[PDB]
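Residue numbers (the deposited numbering): 74 to 170. Each remark here refers to the structure printed beneath this line.
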């Protein structure tokens, strides 16, 4: 099937938000496993598992916690030796309050 998806890396500036964009996921990585690794940071508000694009969205009751995981996880040792997790700040996302 599809031959994967490749482009031109470039994680420009992005304001910190409770929401976090997690990628580099595959048919091997198990949500549960992560849910625990991420939780270690702070009480996870919400979680989202998507195979299509292989992205995961995890909300945090507090912003601080979100950031901690974002950076900490950023390039976390999970799976192969040269295989690391890719996390970024998902600014895009309008909300009402």
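The beta-carbon is built from N, C-alpha and C at its ideal position, and this holds for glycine as well.
By the three-class DSSP mapping on this structure, what secondary structure does residue 141 have? Mapped onto the chain shown, residue 141 falls at position 68. In the structure shown, residue 141 sits in a helix (DSSP, three-state: H, G or I).
Any idea if residue 160 is buried or exposed, counting beta-carbon neighbours within 10 angstroms, 16 or more meaning buried? Indexing the chain shown from 1 puts residue 160 at position 87. So residue 160 counts as buried.
For residue 161, which of helix, strand or coil comes out of DSSP? Locating residue 161 in the chain shown gives position 88, counting from the first residue. Looking at residue 161 - three-state DSSP - the assignment turns out to be strand.
Applying the criterion that 16 or more other CB atoms from any shown protein chain within 10 Å of the CB defines a buried residue, is residue 175 buried or exposed? One cannot answer for residue 175 here, as it falls past the ends of the chain, which runs 74 to 170.
Excluding five sequence neighbours on each side, which residues of the same chain lie with their C-beta closer than 8 angstroms to the C-beta of residue 157? Stepping through the chain shown from its first residue, residue 157 is reached at position 84. Answer for residue 157: 97, 148, 149, 150, 151, listed in chain order.
Using DSSP's beta-bridge definition, name the partner residues of residue 130. Sequence index remark: in the chain shown, residue 130 carries index 57 (1-based). DSSP output for residue 130 lists 94, 121 as bridge partner(s).
Within the same chain, show all residues whose beta-carbon is closer than 7 angstroms to that of residue 84, passing over the 5 residues directly before and after it, in chain order. Taking the first residue of the chain shown as position 1, residue 84 is located at position 11. Counting only Cβ-Cβ distances below 7 angstroms, and skipping sequence neighbours, we find 161.
Using the Cβ count rule (16 or more neighbours within 10 Å means buried), how would you classify residue 92? For the purposes of this step, residue 92 is identified with residue 19 of the chain shown, where counting begins at 1. Residue 92 comes out buried.
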